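Report on one structure; see the data block that follows.
Because the Cβ atoms are built from the backbone with ideal geometry, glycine has one as well, and the counts that use them run over all protein chains shown. Readers should treat all values here as calculations from the given coordinates under stated rules, not as data from a laboratory.
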Amino acid sequence: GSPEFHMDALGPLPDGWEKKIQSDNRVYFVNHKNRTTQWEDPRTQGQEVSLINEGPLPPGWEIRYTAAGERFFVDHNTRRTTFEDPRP
C-alpha cells in the first residue's frame, strides 16, 4: 500500500531549497533559509562557484532522467541535454 506521493521526496525541500519545474524544463528554486531564487538549478547565481566547490553534478546543470532510468546532463547556456560534458 505505497502512497502515490513522497516517491522521490528527497529532492524537493531537502533542507532549505525548494524546486519547482516549469514546462520549459527550467526548475525554479527557493531557498527559505537564506532567501534566494535560482533558475534551472542554483549555480550560485552569477558567481557560479558554491555548487562548483564540491559539485561534480549541480553547477547550475540538471540531471535529466529518462524513464529507463538514465540520467543525462542539461545546461541552460546552450539549452543542451547530453550524456556527460561538464564534469565526470
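Measuring how big the chain is from its alpha-carbon positions, Rg and Dmax come out at 13.7, 46 Å. Sparsely packed loop sites in segment 1-36 (the chymotrypsin sites (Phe, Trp or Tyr not before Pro) outside DSSP H, G, I, E and B with at most 10 other Cβ atoms within 10 Å) comprise 5.
Sparse packing (at most 12 other Cβ atoms within 10 Å of the Cβ) combined with a DSSP loop state is found for the following GluC sites (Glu not before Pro) in segment 27-88: 48, 54, 84.
Summing Cβ point charges (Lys, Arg +1; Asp, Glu -1) relative to the Cα centre of the chain gives a dipole of roughly 220 debye. The modelled label-to-label distance between residue 28 and residue 4, using points 7 Å beyond Cα along the C-beta direction, is 2.6 nm.
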